[PDB]
Structures are given as structure tokens and as C-alpha cells.
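S.K.: Protein chains in written order, with the deposited numbering: chain T, 2 to 244; chain Q, 1 to 240; chain O, 1 to 250; chain X, 1 to 195; chain P, 1 to 244; chain R, 1 to 117, 125 to 242; chain S, 3 to 233; chain Z, 1 to 111; chain U, 2 to 242. Backbone N, C-alpha and C fix where the C-beta goes; we use that ideal spot for every residue, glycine too.
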Amino acid sequence: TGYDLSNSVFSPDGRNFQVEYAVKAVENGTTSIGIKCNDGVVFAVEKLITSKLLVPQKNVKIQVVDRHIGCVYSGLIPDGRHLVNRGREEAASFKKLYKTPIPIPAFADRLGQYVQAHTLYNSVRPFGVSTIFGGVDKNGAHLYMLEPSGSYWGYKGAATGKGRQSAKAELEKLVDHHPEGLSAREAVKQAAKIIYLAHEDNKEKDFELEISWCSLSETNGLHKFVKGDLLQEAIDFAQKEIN
Amino acid sequence: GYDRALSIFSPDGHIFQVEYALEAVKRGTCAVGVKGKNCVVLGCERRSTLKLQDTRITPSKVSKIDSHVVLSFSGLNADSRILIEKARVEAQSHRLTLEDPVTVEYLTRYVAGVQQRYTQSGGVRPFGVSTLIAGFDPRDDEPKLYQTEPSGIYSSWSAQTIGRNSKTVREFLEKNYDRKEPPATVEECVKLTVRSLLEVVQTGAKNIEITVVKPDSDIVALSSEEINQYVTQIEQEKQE
Amino acid sequence: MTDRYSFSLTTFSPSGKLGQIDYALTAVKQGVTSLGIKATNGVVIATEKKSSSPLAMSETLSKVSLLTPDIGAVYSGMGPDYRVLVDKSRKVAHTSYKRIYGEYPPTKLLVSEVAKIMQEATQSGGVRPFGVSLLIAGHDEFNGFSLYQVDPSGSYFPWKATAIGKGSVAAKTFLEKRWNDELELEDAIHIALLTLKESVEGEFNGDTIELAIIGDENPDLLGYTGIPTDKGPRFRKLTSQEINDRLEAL
Amino acid sequence: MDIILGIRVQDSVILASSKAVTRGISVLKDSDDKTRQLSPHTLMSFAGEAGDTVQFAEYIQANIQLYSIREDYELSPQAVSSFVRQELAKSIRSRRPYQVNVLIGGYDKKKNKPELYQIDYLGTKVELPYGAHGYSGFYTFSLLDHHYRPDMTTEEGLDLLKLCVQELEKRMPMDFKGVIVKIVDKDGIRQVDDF
Amino acid sequence: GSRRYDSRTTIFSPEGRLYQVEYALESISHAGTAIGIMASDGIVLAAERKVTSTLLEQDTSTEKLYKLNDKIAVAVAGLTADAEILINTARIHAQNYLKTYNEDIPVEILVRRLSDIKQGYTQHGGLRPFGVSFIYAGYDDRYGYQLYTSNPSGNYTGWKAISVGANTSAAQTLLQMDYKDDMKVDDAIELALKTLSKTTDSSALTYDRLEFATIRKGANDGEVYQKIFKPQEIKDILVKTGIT
Amino acid sequence: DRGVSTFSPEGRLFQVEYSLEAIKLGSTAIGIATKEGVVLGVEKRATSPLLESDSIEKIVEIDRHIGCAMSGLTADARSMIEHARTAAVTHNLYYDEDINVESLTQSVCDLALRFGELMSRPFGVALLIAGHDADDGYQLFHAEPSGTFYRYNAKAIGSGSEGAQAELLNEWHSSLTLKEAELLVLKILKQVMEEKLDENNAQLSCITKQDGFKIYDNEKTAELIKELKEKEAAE
Amino acid sequence: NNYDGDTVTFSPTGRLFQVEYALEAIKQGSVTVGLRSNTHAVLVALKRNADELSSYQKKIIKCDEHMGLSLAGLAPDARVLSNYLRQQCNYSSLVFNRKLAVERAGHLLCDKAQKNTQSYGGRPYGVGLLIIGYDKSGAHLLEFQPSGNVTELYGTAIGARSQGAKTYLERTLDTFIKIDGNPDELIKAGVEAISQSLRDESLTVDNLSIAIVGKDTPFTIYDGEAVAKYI
Amino acid sequence: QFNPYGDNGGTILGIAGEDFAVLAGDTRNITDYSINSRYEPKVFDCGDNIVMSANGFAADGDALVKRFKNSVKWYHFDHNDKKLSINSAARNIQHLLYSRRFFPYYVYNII
Amino acid sequence: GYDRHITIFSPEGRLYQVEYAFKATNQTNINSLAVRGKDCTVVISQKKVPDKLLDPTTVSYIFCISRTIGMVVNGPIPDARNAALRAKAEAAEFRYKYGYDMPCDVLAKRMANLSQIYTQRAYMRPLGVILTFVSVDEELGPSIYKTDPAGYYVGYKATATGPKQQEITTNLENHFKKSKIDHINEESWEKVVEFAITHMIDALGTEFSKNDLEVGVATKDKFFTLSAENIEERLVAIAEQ
Ligand SMILES: [Cl-]
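1) Please list the partners that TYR19 of chain P has in chain U, where partner means a Cβ-to-Cβ separation under 7 Å.
2) Under the three-state reduction of DSSP, which class applies to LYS24 of chain R: helix, strand or coil?
3) Along chain S, which residues have their Cβ under 8 Å away from the Cβ of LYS66 of chain Z?
4) Just to confirm, are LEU158 of chain X and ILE4 of chain X a CB contact at a threshold of 9 Å?
5) Going along chain P in order, which residues have a C-beta closer than 8 Å to the C-beta of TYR3 of chain U?
6) Shorter than 9 Å from the beta carbon of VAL21 of chain S to some beta carbon of chain P?
7) Which bits of chain T does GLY1 of chain P rub up against, with CB to CB less than 7 Å?
8) Is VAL224 of chain P closer than 9 Å to residue 245 of chain P when the C-beta atoms are compared?
9) Determine, using beta carbons only, whether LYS63 of chain O and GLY14 of chain U come nearer to each other than 9 Å.
10) Expressed to the nearest angstrom, what Euclidean distance is found between the alpha-carbon atoms of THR225 of chain O and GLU217 of chain O?
11) Quick one, are the C-beta atoms of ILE62 of chain R and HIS139 of chain R less than 9 Å apart?
12) Using 9 Å as the limit for Cβ to Cβ distance, is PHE44 of chain Z near chain S?
13) Could you tell me whether any non-hydrogen atom of ligand 3 is closer than 8 Å to the CB of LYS91 of chain O?
14) Does any heavy atom of ligand 1 sit closer than 8 Å to the C-beta of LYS198 of chain P?
15) Starting from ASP140 of chain Q and walking both ways along the alpha helix (DSSP H), at which residues does that stretch end?
16) Quick one: any contact between the segment 227-237 of chain P and the segment 9-20 of chain R, if contact means 3 or more CB pairs under 8 Å?
17) According to a CB-to-CB cut-off of less than 7 Å, which residues of the segment 89-111 of chain R neighbour chain Z?
18) Just checking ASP87 of chain O against ligand 1 - is the residue's beta carbon closer than 8 Å to any of the ligand's heavy atoms?
19) Any heavy atom of ligand 1 inside 8 Å of the beta-carbon of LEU115 of chain U?
20) If I measure Cβ to Cβ from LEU147 of chain O and keep anything under 6 Å in the same chain, skipping five residues before and after, which residues do I get?
21) Does the segment 47-63 of chain Z come close enough to the segment 52-61 of chain R that 3 or more CB-CB pairs lie under 8 Å?
22) Is any heavy atom in ligand 1 found nearer than 8 Å to the beta carbon of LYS110 of chain U?
23) Output yes if chain R places a C-beta closer than 9 Å to the C-beta of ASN51 of chain S; else output no.
24) Which two residues bound the contiguous alpha helix (DSSP H) that contains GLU235 of chain Q?
25) Pick helix, strand or coil for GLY108 of chain S, following the three-state DSSP scheme.
Here it is as C-alpha cells:
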């Protein structure tokens, strides 16, 4: 034993226990989700209200990369911010050299290679976040989810954090009941519902809902936050479904 | 580069590497320094476990840093060469930038600073060496004798000893050396230095080295026969 | 990141042993047998092509390697370590010699350079020793034919004949009885094949044996004509057919 | 400083060096000693660009003094001259070369022979019976070619040196304010205070 | 991080010893014995090759005795590969000195340089020390014939006669017994071989298990010659001295 | 082993806490601040009678308006003093004025936590920095290897520190004269010292606006010791 | 236990113990309170002394004319982080002629602290910070933890016994947020808040430290007899 | 060839009274024979009761003033809000200017 | 026992970190196969999409390294992509420097040399992957070269990698023992793919749908992967005889 004391050490299983321990920090975090719709993607996250003293709508968690990519994560919030800062550098240098905005699959690998690099040495700690991200490019909508190991795949729907099982079950229903697809405005409504349903795992403290979206028709392929009437409409739809 | 912090504090507030460096000094051959009224004498032990030695070419224990300053030591021999070289370079660097030779105090302060630096620098261990630095400042007839140690602390001494069985010879010096009246001549100063080493040395043959430093860059090393005459006279007075 | 292993991984133990070198020698012991014999008019080096799978094409894996036109090498131990050493040995022959003197290095000096590289992996920071022992055969004008062994420590010794790896102890005894100072190259090849048969279990033919010689100049292998002083490489790898021909007179 | 001479006689080396230092159109000093003792039996005179001369000389002096202390031994004049040459040959291809010409007069205690080395700022070394730098040789070498013997005494060497200085004082346009003369022999280095 | 795996090669023991230096010396004590004897008219270097084979090419072999320049040579005891690293450095230092001062390097200055390199590996860098002890045999016009030794600690000392490697305790006693100051080279040759013959772990001392060298002013008039003995010449001197 | 910049479970840096233990072994140093000046005094503690005590320099001048006393591994203080003197003179170069005592102290303390795997370990010495400037008058600071510095009306550091600090608690008031402070340092030093206090094994110093930083002669201190003995025998 | 030797090591439950130990240093530190209305933002800090002869350690640091913080934990670490803020505020002014937004200042502190938690050799910061400021979107209050977590709040407190002041602010939320255009009453509410964290000791003239920033009020610190008004 | 320097003209005047001081300057900014601006401030309040004007090449002038203003700000941070005296500001400016001894601020400055 | 944590020798002369990297290779539980035709080289690999939420089009362990070279990986995807990106960079750099397309066996050697370095240098860990490179080389023809974490590489007539590699290996061995040739004697690549799938079915004893497989084909001057519908056409032909 001692194989779990140092990062980048293979156990006799062929496992990197330090990465597996990073996953535990992700599982400890708040629930975040992603839904791929007809011409875009929707992101949503659970924000735990620790105290009345928290200013509503101020501590924003979802982050934009470039102008067409949205990123949300569960786990160690600072680690997620660090990963997005890198993502923004990667997207900038891509656009600098190649002119066009970075494609989503291209962007996914840039994050993937960076996170994977933090599993190669004992001088660095793996990332304590699973990141759900995506957007709209020339080939259409893409949704991805990236783990501490550097592993990522494309998704129809994605979920991570403490209420991930509950969320995953809800996403699987949507995939089955909508083979033709889901509209962007529907996806926002459904996203709200799923976060509310996933809140049963964090039921001690009440929470604040935060949603964002990129859609070719609804937002011109740009990342935007869901605000005001459209946010309230989604909250009402969510509250109606839990009762 | 290798950056590892080797010299570090322990729970009881000790830097063990610096303290273990002092143990290397304890192992080294005895060295003694005595300052008279118009001179300083540096005595050094030579362990007689090594015969078939070529004494012409074997590194001598007392080293000239400049024409007016000398340095003897106890501890690791290889370590002492590095300090001596740095000191010799600094001595010429001082003459070059300030147009005066170093004072004995300044040279000591430099060597002590080097030793200290090696107690809080990454990747390096402390020097396993304590030094006795002696001489006369330019255009000054007051004798100077200083001591340094691995930690980097230094101080001036009327008389001092370092190395193995230094506890015994310091005992001798403390009762035999009078501050109100120090050894007035060269003879008296050398005699007291040889006497102090005879408490520890074994045979008074090729085991004792003596170096006399007088004012105005007057430095000479005594030969075997000259020292042997002191050894003879001391024991003949002792038979009484 | 940064390589933060700036300290030695090979150190003296209380008994005076360098553990990692000893262990590297143990890895060499497990390795497949290879040998070298020196004749009056040439040198031969040989080893078994231990194929990992019958689906693998063992011709693509070269255990015997040309270092210069007149110098060849073979190993026992870890193959990947050997491969990178051959790459470095070929390059160092140019950088530290040919690009200076305009000619290929003599056997002993190239060996010296390979040895240096192996010694540095025994002392430098954050690296293990190479897990191979090399046998280097070669010829040069002023020293004639020669054969050298190079160990993980970087130590190298000249041999009349020797063997390394799995069945080295038995093979060295076999060579002591057969070797003399009047051997012709063909006689040395014959002895090499006899010696190598003892350590091989399975098939013993041109396709499972890899054998090269340092002998006469091969103008047919030079690739060009017109310069009298250039007469071609002395290193030549024996074909599968050439080996089998000598196995009938065995 | 422009003028430095050297002559090797039977048992000593004699170096003569001007006393003048000029800034702009004004002579600032008429008693300047353009020489440094490198070791007890080795003297180096110098001439070249302002500043570089003293900085180089003192730098060499420091290095030879360091060697002496380290080994408790005096380097031969030949060894010192080779060290000096290498420093100048190194210097000439630097970003900003040291523009200094030197004469090295030493007495080799091993061979019991005086030795005179002439080295210019490029690192061009030659051992000579007599030497000079700049234009000094143009005026003086014809006299030295005529009068010089290898068995000359120190007193004869000084007389021939006086004749050289007189010729310089007659035919040179520049007033160099006389010379400081120094003798290097088996007993070391001493200055001739009346010349 | 990486700290976990650091052996810390440059630290003191509680007793004030350098662990790695002491263990390196333990390694050297198993190496073949090398002897140096200094006489009035020259120096002898004798050394024992370690358990050889009949198939080792001896005439082109060199593991013990190495030439640093025309005036200085060394006998090796320890890791040969380590020694060659240092030897090439020493050869370069000699040539640097010659280029700078246009004079052959004094023996002690070369020795001090190599010993300072060894010292550095015990105080900084975190690397293992060189597992080598040298005997330096050399000549210059200041001190004449000189013998020195250096060990992994970087400490060096001068000698009239000295041994390194295996059985130095026994060897040093035998040398101390028969050595005299007015001794000559031919006598020293005999002493060196007799000492090896008694201290050797082998059954008998033969030509194929020895390397031998002399530094003589036995060169035509005031100059010094190095002689690295050939296998046949070692065989002849063994018969001459009456060992075989 | 373990990192040099490691936190303990209590939220303290191991190495900093251990260096504080080294300072407890050091010789006693005391500082008292008054409206007439600041007094600094130290125990010399010679290890042998042959050691020329006047070469023990545990009180040091940083500038004409700033002095400094030390306790602990005194060799470590040399580079701190060098930095302090450089900072003090450099500020005078840049701004044509004396540097504030606090600003000087802050500059010294900035070195403290520059250790890791920069220097390999914290300093093993504490400093009493005393001085005067026009803005905040006479000041006394205690500079630790933690990088923290407190201002004090009076402070003791070293082996007899907690015993001396309790004594300084009772004796200090805002109307102390310089002469009263001098005797008070001598009194408390004499109380905590192993050997008997005299002019050779103890040293006094002060900083005033008029005369600046001054180390006291052995003859001057000897009289103040004699004056102390008589006033204690007076009741 | 086995996983607290350095910051580069996760525990089996996904915890970073060196970060948690740094968080502990804050709890040992003296109490400090932060609260704001729509016009002003206030810091109140209980300063700590070594003894009766010593001074009271300063707790509040100015970063710009419109921004500053209070500290709790290792004071040297607060100096390093405040110096970084001073530079960043200053870079924004010199390059963009733009006062640095308080929210962006929080994001910068977060990212600086994070780098010290993922790399070998270094250590996390051992201090907690309460940043107040007034920018183009009005008054702000931030709480910084050396884990990297930065949070925007109406009011809060950190340090020893900070839970008492935090509960008080949670009750008073609806009252003090409405204190607009009245700096003295907002400070009163802050002084009354920090009083809920006191035991044995009370607020004296050299004990109390207050800072304020607002609409037409540059960041100014009050110490000594300037706070006797509020005792 | 690129010429990094220019001349923006202008003229400034400083006079010290018994208990007051004035620093005046025209508001005209020019290049060659053209007027850039008829009102471009050239004399600035730098805080701590100090006024400055760096006349000559406006880009170097603006840069210097900007750096000194910054120097005053950091003087407050580093030395407990101490007021920067006029003599101290002067010496500080000397070091700001000599930093570019080998690529000078082409301005003539007065405070 | 720190000789098991970093890449240094154990007393037995073993590198345990290398051996454990081999074990990580089978973590995906996927089996791959490669065979050579007359004009082509075919590689097939199992495809497993366990989660319904996944976009199955993005789940792949076959990579297009250059236009001529394809690579299939056995091991975790992060290391797989790490190796893929590096191989793509190396292939492009080779073309730029030396003026011709990097051969399959040369790239294999280069990646193997990189793998060797990780086994010798302590600060770098081995990648837990086995890389199978395929092409139709302009000099050597149809080519299969495979690299592992030990830094070992060799050419192959055919090969198989994964948990059940031995079953597939023996199945292929037995076929080539009959035919007595080093390749699949077939004109079209379509039939060589059908051979590859058929013999994987026989060896593993499992049937495949279009979504259970992943196929890569190398021809002269291009390497390409097959779509689900291309594979379906292949599966239909197999069933109809
Ligand atoms: Cl390569």
C-alpha cells in the first residue's frame, strides 16, 4: 500500500487512486446539469443558500467561454474557475491563429488534455471538478461532460454533483419520450424541473436556481443567461411539477 | 536545480544538521590559537596514525589568506579548502575595490557569513568546519584572533582551541592564560601554545605544528627541531 | 510540473552496493542469450530472435544493429532500453567524432561514449540505470578487430569471446574450450552457432537466429563507385539463407 | 598615456614609462606611474585608452597575487606573460575590448635570467631584448639596434635608455613630461628616483 | 511530491559523518588493490586486476592505470566508469593550465582540482558521490616526484608509499616495514610486487592479473618518461624479482 | 519527510513555531520606550572567560535614528541587519529624508516568510527594533520570524522573557525618564541573568532625537550599575 | 492523517487537509464584521494586543480610494494579498482609466489563492478577508476564504466567536440594508453586531477599528479617539 | 527611420512666493505648424499639495506625471499615509527620470 | 517499498509501474483486432455505450493520425487522446521536416521511444495504453505495428488486443497455419472487413449489431472509419452466407 498517497502512481489494479479521490470532491458538490436541444444547449445549476445574508442572483456560478460556449461545474468551485480561465486562453489562441471561433469538440479536447496533464505528475493535484459544457458551432449543437481523469464524451443529457442519479433518471426519460428532439424553450423548462427534483438530495437548505442557454434560433448561437420573466416561468413550471 | 531544505528546525528549536556539523569539528584534529603582546601563535595537531606521509607536499593545516592573515581549522579537510579559496578571493577583491587589505575582523565576518548562508540555503549542507583566523590589521600592532563555527557565529578570543579534546586544552588555557599580562615575547607565546597541545597530543615529535604571525606581514612556520627544543625544555622543568 | 527529481535515485547502501545497478544486472540475467567471438580476420555477434507472438513479424525487430559501417552491436536485457541506446550511439558517433575528424570513430572510443551515457544514468538526477548489457564488435585501421562488453554501470571490458544473459555461464565455458588465436572467421561462426544451440529451446534456424559479422570490406554494399579509398562497410548481417547453409555443415 | 619602453640587459630588465596624463587640451598630471607590480620579481608597464589601462593592470595584478597566495609560489615571467596574453586575446573579440598595450619585465629566479615580453591589445606576444609600444619604437629602435649588447651592465642600459629618451624629447611633437624608470633584477623591483 | 523518494545523499549522521562517503569507501575496499611507491629516482604504480578470465583481451585492456598527461598518471580503485568521468575532466584541466600559462600543470594543483570536484558532490546537488579512490603519481620541477591519494570525501594527502582498494591495512603495514628513504626504483618495483603477492586474495600472482607502470627520470637526460608495462614486460619483471 | 511550508492541524506553520523555540534559548534582550528616548539592553553571555566580551555585538546600529537588539541564533541576524541598513539608506536616497521606524520594521519582516522549496528555513532570531521619527516619536518594535511585528512600550525577548515581561508590566508608566529606564533595564537583566551582572557581560544603549543611536561605554554602564546597587540598598 | 502532509494530496473522502488547516488559522484570529446598505459599506474589526505594553494589531487595509478589506488569520498573508489587490486596482486605473469592480477583485483573489492549493512546494494562504467597496453598481461586501471561495453578501463576520455577530446580522437584515444616506447609523449597527461576539472584554478606544466607503465617501479608516463616538 | 520623439510645444512657468507658489502654463498643443488643441491641460494637481508640469514631448510628459501620481499613491500605502514633502517628491522624480538615462523622457519638468 | 511507486528497478530487475500500466490497458473491457489484405489493412474494435445519455457518435477509440495512418487504442480515453494528439503532431512535424509522409513503423518507433523514456525517467508516468498503428505503407505495403507501455514495438501479420486477446490471437494463428500466407488473400477491403468481423465473432462467441462494432480501414493514400450503416451492410453480407 501507499499507492493512493501520490498522484500519477498506478496501483496494482492499474488505477490512479488520487483521481478517484478527486471524484469524491465532485460527488460532494451541488447538482449541475446540461440538456442538448434541437438547435442548442441548456445549462442549469443548484446554488445552496447557506444564509439569508447571501445576496440573491449575485454569486453567479455558470461561466461563459468566448461568446458561444457555456461552462458549469460541480465540486471545488476554485478548481472550476481555474479550468475556465485556461479554456478562455485556449479559445483565444485558437481564434487568434485560425480566425473562426473554436469548435466545441476542439474546445472539449483542449480542456481534456489540460485536465489529463494533471494526472501525469506527483507535483500537481488532479482537478476536483466535473465540468459540463458546450454550445453551438458550424456543425450545430454539442454537449460535453469532463471528469477529473481527463475523460470526456459527448452527451444528449448530462448531470453531476450530489443529486446526479436523480437527475440522470429524469434525463433518460426525456431521451426516450422525445426521439425527434426537444425545443430550446422546452429544455429550459425541463432543466428547471430536474434541478428542483434533484434538490431532494440537498433538502436541508433551500436553494437558488440558475439557468443559461445557447440556441441558434433563440440566442443567435450566443451564450446568454435566462433572466426575468423567462426564468420565473421556468420556476413556476418546476414548482407545479413537484406538487 | 536541487532545492531540498536540508537544514531545518526541529520541534525543540534545534537545527540538527548544524549541530551534526559541530560533531564533525569535534572529530577533527586539535587546533589552538594564543595571542601574546606583539604576536599570535597558531598550534595544530597532526595525528600519527598516518606515517609514510610526505610532509613536504601534504596540505599544511595553517593557510595564508593574505600576507598578513592566516586561517587554521578543525573538521572536514575538503570543506575547509572551499572556505579558504573563497576567503582568498575576497581578500584580493577587497584590495581591488577598496585599496586596503582586509582587516582580520572583516575577513572573519565574511567567512562566518559564508558558513551561515550554508545553514539556510536549499540543496546544501553546512560546512563541517570551525576556523581560527589570526593576524594584524594594516598599520596596526594589536594582535587579532577570531573563531568561527558552522552556524556562522563568530567572536574574538584572547586564546582559544577547537577540535578533538579541545575541552581539555581550553581547561589548561583558562587557568594558565592571564589577561592582565599576556605572553610578552614570541618565546613565551610559543611555549604556552606547545604546553597546551602537550596536554592532548601524545608524542611531541611530528605531531605538533606551530606558526607564528607577527605584525607587518611577518609570518613563519617553525620546523621540527625548533619545536622539539620547546618539547624538551617543557618536560625537563616538569621533572620537579 | 517541472522535473523535480533533481536527486540521485541510485545510491550506495551501507554494504557499499549500488542497488539499482545490481538490479539492472539481474534484469540482464533474465534476458535472452547473446554472444560474441573474435577471429583473426573478423568478429561475429549473435543472439536468438525470441518472438513474442507467431503473428508478429520478427524481421521488423532488429536485435543486432549497425552503429557505424565498421561497428555492430547486440544486447541482452530490456529491448526498449537497447533501442534508444543505439539511437544515441549512432548520433554520438557523428556529433562527437565524425563531424570533427571526418572519419568514423574507432571501436574502443565509440564504446567509451556509449559507456559514458550509461554511467550518467547511474548518477544523474531522476533516472534509473539502463537495463541492458551490450556486446559491441568492430574494426578500425590501427586497432584491427575488437569485441567489447558494456554493463549497466558503464564499465566496459575487451573480450576474445564472451556471452551475456540467460545461459551465459554455460556458454562462456563452452567458448573457453573452443577458442584459440588461430581461428578463421568461418570457424568462429561455426562455434557461435554451436554455442547458441545450447541456450535455445524451440526452433533453431535462420528465421529464429540473428547473426552478423565484422569482416572484409563489402564494396557491393557501398552503393557507389569512383572513389578507390572507399571500399565499403565491414559490418554485414547474415541472411536467413546464409545461416541455414551453415546449419547443414553443423 | 602614450610612451613605454623596455630593455633587457645582462642581469636585469629596465622599464621606462612617461609621466603625463592629458584631459582635453590640459595636462592634468606630470608624475603618473604607469606600472603595476604583479609579483616581487615581475613588473608590468601599460599604455592605451583612458581608464582601461589601470582597470586591466589592476585586474591582472589581483589574479597573479591570488595565484601567489594559493600556491605559495611565484609564477615565472613566461607563465605570467602567457596568462596576460590570453586575457587580451580573449578581450579582443569581446563586446567592448580592453584597449591596452603592455610590457612585462621580470627576473626568472629559476633560470637566473632577465626576461622582457611585449604584448599589444590584440594579444600579440613577443619576447625581446628591447621593446616599445605605439610610436616610441619609430624613434628609439635605430639607436637600440646600434648600441645594444646582451652583456650590458645595468648602468650601461640606463645610459642607452637616456639616449633614447633624449631622441624622443627632440623629435616627438608631444611633451610626455619625462619618464619614471624602474629596474627588475634578482633582488626585486626598485625605482630610479633621479632621471 | 518528489521529496518522498529523496535519499538525501549530502547529509551528516548524528556522529558527524557523511553517510554516502562512508558507504562509497566500503565499496572501494572490495576493489582490486593498487599500490604507489615513491623513490629518489622515480615512482612505481602497481595494481591488481579483479578476477579476470582467460578470454579477456589483456593487451588492449585498461581498468587500473591511466595517463593524465606526459608527467602525471593515476591508479584507480572503485567503479571504473566513475573514474573515467573524472579522468577526462583531469586531462582537460591539465590542458587548460598548459594553454593558459604555457607550462605543465604542477601535480598538486591537478590533484586539488579533482578533489574539489569530489567534495562538491558531498555538500550540494543531491547526487551520489563518485565511488573512486585515486593514487596520483607525477613529476614537476618544484617538488620533483610526488605521490598523492584522493577518496570520495574530496580529501587528499601526500605519501612516500601508499595503497588503496582491498587489504590496505595489511598492505600499508608491509610497506611501512620494508620502505626506506634512500630507496631506488628497481627496489621499489620489487617491494610493490612483493606486497601485492602477499596481500592478494588470489591463489597466485601472475602477469595476466596485473597492471604496472613507472615514472622515471630514466629518460635520456633531464626529462621524465612514463612506462605503461605490456603483458610480456610484466611477465619478465615477475621472473626477474623471483615471484614466478 | 514533510514540507517546510506545512500547516499544523491547529493552523500554525510548523517551522515558524519551531524557530520560536530557538529564540527562547537565546540570551535575554530588553527594550523600554519613554518620551525622553528608548533604551535597549542585552545579556552578552560569553561561553568562556578567554572570549573577549567586547567582540560580542548583540546591539547594532541600523541608522542614526534607529537601533536594534537581537536574541536567538544571532548569526541569522546579519543578513537582516544588512537588509535593514540598505533599506534605511536607500529610502534616504530616493526621498531625501529619514525612514519611519514602522516602515523599516515592515521591510525587515517582509523577509521573514520568504522560505520554502528564497531561503530554506525561517530566521531563528527575534529583533527589538527601536527608533525615533517626527510623525510617531519614540518607538519600540518586536520583529519575529513569523513576519508579525508588534509595537511595545516595553518588551523582553530571550530565555528570561516571561519573567522579565511580568516585571516590565508592573514597572512601566508613561512618565518614565531616560535615567529611570536605564536603571530598570539593568535591574531586570540582573534578575534573569545566570551570572552576576557587570559592565563586561551586559551592554546598554539608547536612541534619542538629539544624539541619535548610541551604544554605552563599559565605564558609563559601570556607573549606572553602581547607582542601581545603592538605590536598592536605600530601602 | 496520512493525507495532510502537503496541499497536493486529496484524502480518500475527497478533502484537502492543508487547506482545512489554513481555514483553522482564521478561526483563531480576532473577530471582524462586515455589512452594507445601498449607499455605504462598513467594516468593523476587534483588534488584538499581545499584552498591556503592546499595541493593538491593525486589522483593516486600504486597497484603493473606493476599496479595502479587513483581515483575520496570518497578517503577513493579508499583506501579500492586499498588495496584490492594490496592484490590480492600480492596473485597472492606469491602463483602462477604470475603477476595478469589487466582483472582479473577488475573482482575482479566488484565482490567486487557488494556484497555491494545486501545486507542490507551496502552501495555502492562512487568512480570511472581508472586502468592502463602492463601484458603478453601488455598495458591495465580499468574504474571502483561502480555499479560493469568494462570496458576495449583505453582511457577515469571520474570526473567533464570529457566529454571534453573524446571527445578529441575519436577524437585522431587513433593517440595516435600508440605512441609506446615514453613515453613523450603519456603523452603529456594525458596532452592535460585533458586540455579539465579545466575552470578558469590551470595546475600548484603542481596541476598536472601523472603516467605511460609500457614494460620496472615500475608503477611510477610523482608529483611536475617532471611534470614541461609537463606544 | 522611426523617430520615437516629437515636439508638442508649450511653455510653463513656476514662481515661488513667501508663503505661496504658482505653476502656470499655456493650454496650446501643437505639431509643426498645426494646432492640435486650444485647451489641453498641462499643469496637474498631483495630491499632497504638489503641482507638476512636464513640458516638451506630451507622450513622455503624460507618462511621467502619471508615474509620479502613482508614486504618491504608493508612498501613502507604504508609509502610513505620510504627507509627501516637496523635497522628497523632487528626489523621487530624479530617480524616475534617470531610469531612462539611455532612452530619456524628452520633457522639461517643474513642480 | 518505494520501488513500486516510481519507475526504478525492484530487486528482481522489474519495473512494477510499467507492469501496472499494462493492467490499466484492460480497464475499458474492449477487444480490438487488426488484419492485412492484399491492398489494405483493416482494424476492428468493440464499441460499448452503457449510458443512454451518451452521444454514441462521440464514443470512439479509433483515431485518424494522418491521412495514411490510423490508430486504435486499448486503454482509458484520457491517455488514449494524449497519445493521439502527440502522434498527430509527430506525423505533421515529420512531413514538414523530411518532405514525405511519416511511415507507420517509424511513427510506432517514435511513440515507443517516448514510452521508453517514461519507464526510465521518474517524474513521468507511463501511459496506460496499447497503441496499434495501421496503414498501407508506400514501401512496405499493408502494415500493422503495435506499441505498449514498456516501450516495446514490433510489426505484425495480424494482431489482437484486450481482455480476450488470447482467444482472438489463437483463432488468427490457426487460420494462417492453414493458408500458409502472411495476409488475407482478398481483392476488396469490404471482404477483408467481413473476414475480420467473422473471426472476431467466432473467437469471442458473441453476435454483433451495427452499434456494437467500430471499424477502421487503411488503403493506399488514405485511412478512414466506417459509419454504422457501412457496418450494417457488412453484417448483412456475413449473415447471407
Ligand atoms: Cl525518438
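M.R.: A quick look at the data gives this:
1) Locating residue 19 of chain P in the fifth sequence gives position 19, where the first residue counts as 1. The contacting residues do not exist; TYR19 of chain P stays about 18 Å from chain U at best.
2) For the purposes of this step, residue 24 of chain R is taken as the residue at position 24 of the sixth sequence. Correct three-state label for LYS24 of chain R: helix.
3) The residue you call residue 66 of chain Z lines up with position 66 of the eighth sequence. Those are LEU96, listed as they occur along chain S.
4) In the fourth sequence, the residue the question calls residue 158 of chain X occupies position 158. In the fourth sequence, the residue the question calls residue 4 of chain X occupies position 4. Taking 9 Å as the Cβ cut-off, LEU158 of chain X and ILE4 of chain X do not qualify as a contacting pair.
5) Indexing the ninth sequence from 1 puts residue 3 of chain U at position 2. By Cβ distance, chain P contributes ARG4, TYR5.
6) In the seventh sequence, the residue the question calls residue 21 of chain S occupies position 19. No - not a single Cβ of chain P is within 9 Å of the one on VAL21 of chain S.
7) Taking the first residue of the fifth sequence as 1, we reach residue 1 of chain P at position 1. Residues of chain T passing the Cβ test: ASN123, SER124.
8) In this structure chain P extends from 1 to 244, so residue 245 of chain P is not present and cannot be described.
9) If you number the third sequence from 1, residue 63 of chain O lands on position 63. If you number the ninth sequence from 1, residue 14 of chain U lands on position 13. Result no, Cβ atoms of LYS63 of chain O and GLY14 of chain U do not sit closer than 9 Å.
10) Indexing the third sequence from 1 puts residue 225 of chain O at position 225. Indexing the third sequence from 1 puts residue 217 of chain O at position 217. One C-alpha to the other measures close to 14 Å.
11) Taking the first residue of the sixth sequence as position 1, residue 62 of chain R is located at position 62. Taking the first residue of the sixth sequence as position 1, residue 139 of chain R is located at position 132. For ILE62 of chain R and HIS139 of chain R, no; Cβs fall outside 9 Å.
12) For the purposes of this step, residue 44 of chain Z is taken as residue 44 along the eighth sequence, with counting starting at 1. For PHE44 of chain Z, the answer is no, since every Cβ of chain S falls outside 9 Å of its Cβ.
13) Absent from the structure shown: ligand 3. Ligands present: ligand 1.
14) Mapped onto the fifth sequence, residue 198 of chain P falls at position 198. No; taking the cut-off as 8 Å, the Cβ of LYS198 of chain P has no heavy atom of ligand 1 nearer than that.
15) One-based indexing of the second sequence puts residue 140 of chain Q at position 140. No alpha helix (DSSP H) contains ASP140 of chain Q, which DSSP labels as neither H nor E.
16) no
17) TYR94, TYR95, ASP96, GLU97, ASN100, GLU102, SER103
18) Looking up residue 87 of chain O in the third sequence gives position 87. Yes, Cβ of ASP87 of chain O sits closer than 8 Å to a heavy atom of ligand 1.
19) Stepping through the ninth sequence from its first residue, residue 115 of chain U is reached at position 114. Correct: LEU115 of chain U has its Cβ closer than 8 Å to ligand 1.
20) Position 147 of the third sequence, counted from the start, is the residue given in the question as residue 147 of chain O. Counting only Cβ-Cβ distances below 6 Å, and skipping sequence neighbours, we find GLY36, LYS38, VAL43, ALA137, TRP159.
21) no
22) Counting from 1 along the ninth sequence, the entry for residue 110 of chain U is found at position 109. Correct: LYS110 of chain U has its Cβ closer than 8 Å to ligand 1.
23) If you number the seventh sequence from 1, residue 51 of chain S lands on position 49. Yes, its Cβ sits closer than 9 Å to a Cβ of chain R.
24) Residue numbering aside, residue 235 of chain Q sits at position 235 when the second sequence is read from its first letter. First-last of the alpha helix (DSSP H) with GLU235 of chain Q: 224-238.
25) Here the question's residue 108 of chain S lines up with position 106 in the seventh sequence. Helix, per DSSP.
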